[PDB]
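> Can you keep this structure in mind? I'll have questions shortly.
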Amino acid sequence: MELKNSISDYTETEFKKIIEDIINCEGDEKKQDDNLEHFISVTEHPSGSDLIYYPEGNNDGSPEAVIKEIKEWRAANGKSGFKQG
């Protein structure tokens with residue numbers, strides 16, 4: 001989706017509504033796919049959907065641990081996470 005063209009225009013909680021969008025499925029699979037491009041796009045986070053469909057043991061499998069790994073990946077990579085919340 002042609003949403004906020006970067007993570008630093010996201011906040012952690014706007015990204016939650018996208019990340020929750022999918023986990024719930026506010027949609028028809030296709031809506032998750034349309035997110036899932038976007039979830040690469042803003043993030044640069046190389047896994048994409050691997051944090052969502054193949055999650056590991058840091059992961060709570062909720063929208064929380066992905067937001068975390070997006071913060072934590074971006075900052076570990078030296079990059080901007082979302083907004084300063």
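Quick note on naming: the chains in the structure tokens go A, B, ... in the order shown, residues restart at 1 in each chain, and ligands are numbered from 1 in order of appearance.
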Using only C-alpha atoms, I'd like a table of the residues in stretch 12-43 of chain A that come within 12 Å of stretch 55-77 of chain A; for each, show the closest atom pair and its distance in Å rounded to one decimal, ordered by chain and ascending number, as JSON lines.

```
{"residue": "A:12", "atom": "CA", "partner": "A:67", "partner_atom": "CA", "distance": 6.4}
{"residue": "A:13", "atom": "CA", "partner": "A:67", "partner_atom": "CA", "distance": 8.5}
{"residue": "A:14", "atom": "CA", "partner": "A:67", "partner_atom": "CA", "distance": 10.2}
{"residue": "A:15", "atom": "CA", "partner": "A:67", "partner_atom": "CA", "distance": 7.3}
{"residue": "A:16", "atom": "CA", "partner": "A:63", "partner_atom": "CA", "distance": 5.9}
{"residue": "A:17", "atom": "CA", "partner": "A:63", "partner_atom": "CA", "distance": 8.4}
{"residue": "A:18", "atom": "CA", "partner": "A:63", "partner_atom": "CA", "distance": 8.8}
{"residue": "A:19", "atom": "CA", "partner": "A:63", "partner_atom": "CA", "distance": 5.4}
{"residue": "A:20", "atom": "CA", "partner": "A:63", "partner_atom": "CA", "distance": 5.5}
{"residue": "A:21", "atom": "CA", "partner": "A:63", "partner_atom": "CA", "distance": 9.2}
{"residue": "A:22", "atom": "CA", "partner": "A:63", "partner_atom": "CA", "distance": 9.1}
{"residue": "A:23", "atom": "CA", "partner": "A:63", "partner_atom": "CA", "distance": 7.3}
{"residue": "A:24", "atom": "CA", "partner": "A:63", "partner_atom": "CA", "distance": 9.8}
{"residue": "A:39", "atom": "CA", "partner": "A:70", "partner_atom": "CA", "distance": 9.9}
{"residue": "A:40", "atom": "CA", "partner": "A:70", "partner_atom": "CA", "distance": 10.6}
{"residue": "A:42", "atom": "CA", "partner": "A:70", "partner_atom": "CA", "distance": 10.2}
{"residue": "A:43", "atom": "CA", "partner": "A:70", "partner_atom": "CA", "distance": 7.0}
```
> Please write the residues from the selection above to a file, keeping C-alpha atoms, as a PDB file, in the first residue's frame.

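Writing the result to selection-v7.pdb gives the following:
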```pdb
ATOM      1  CA  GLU A  12       5.011   2.688  16.918  1.00  0.00           C
ATOM      2  CA  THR A  13       1.197   2.710  17.342  1.00  0.00           C
ATOM      3  CA  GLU A  14       0.240   3.556  13.708  1.00  0.00           C
ATOM      4  CA  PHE A  15       2.529   0.688  12.728  1.00  0.00           C
ATOM      5  CA  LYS A  16       0.619  -1.432  15.299  1.00  0.00           C
ATOM      6  CA  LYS A  17      -2.634  -0.759  13.400  1.00  0.00           C
ATOM      7  CA  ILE A  18      -0.931  -2.103  10.198  1.00  0.00           C
ATOM      8  CA  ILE A  19       0.746  -4.985  12.051  1.00  0.00           C
ATOM      9  CA  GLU A  20      -2.559  -5.743  13.874  1.00  0.00           C
ATOM     10  CA  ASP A  21      -4.494  -5.280  10.564  1.00  0.00           C
ATOM     11  CA  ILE A  22      -2.798  -8.397   9.288  1.00  0.00           C
ATOM     12  CA  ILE A  23      -2.613 -10.471  12.500  1.00  0.00           C
ATOM     13  CA  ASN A  24      -6.439 -10.030  12.850  1.00  0.00           C
ATOM     14  CA  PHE A  39       5.829  -3.886   5.959  1.00  0.00           C
ATOM     15  CA  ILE A  40       8.971  -4.354   3.817  1.00  0.00           C
ATOM     16  CA  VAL A  42       8.803   1.550   5.351  1.00  0.00           C
ATOM     17  CA  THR A  43      10.896  -0.832   7.437  1.00  0.00           C
TER      18      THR A  43
END
```
> Please indicate the distance in Å from atom CA of residue A:32 to atom CA of residue A:84, rounded to one decimal place.
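That distance, rounded to one decimal, is 26.5 Å.
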> Could you tell me how far atom CA of residue A:35 lies from atom CA of residue A:51, in Å and to one decimal?
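Taking atom CA of residue A:35 as the start and atom CA of residue A:51 as the end point, the length is 13.7 Å.
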> Kindly give the distance, in Å, that separates atom CA of residue A:82 and atom CA of residue A:9, rounded to a single decimal.
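Between these atoms lies a distance of 6.5 Å.
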> Determine which residues of stretch 18-69 of chain A receive a DSSP assignment of helix (DSSP H, G or I), computed from the backbone, and state them as a ChimeraX atom specification.
/A:18-24,30-41,50-53,63-69
> For residue A:2, please output as a VMD selection string all residues within 10 Å (counting only C-alpha atoms; exclusion window: fewer than 6 positions along the same chain).
chain A and resid 34 to 35 37 to 38 41
> Using only C-alpha atoms, can you tell me which of A:26, A:1, A:80, A:85 comes closest to residue A:44?
A:80
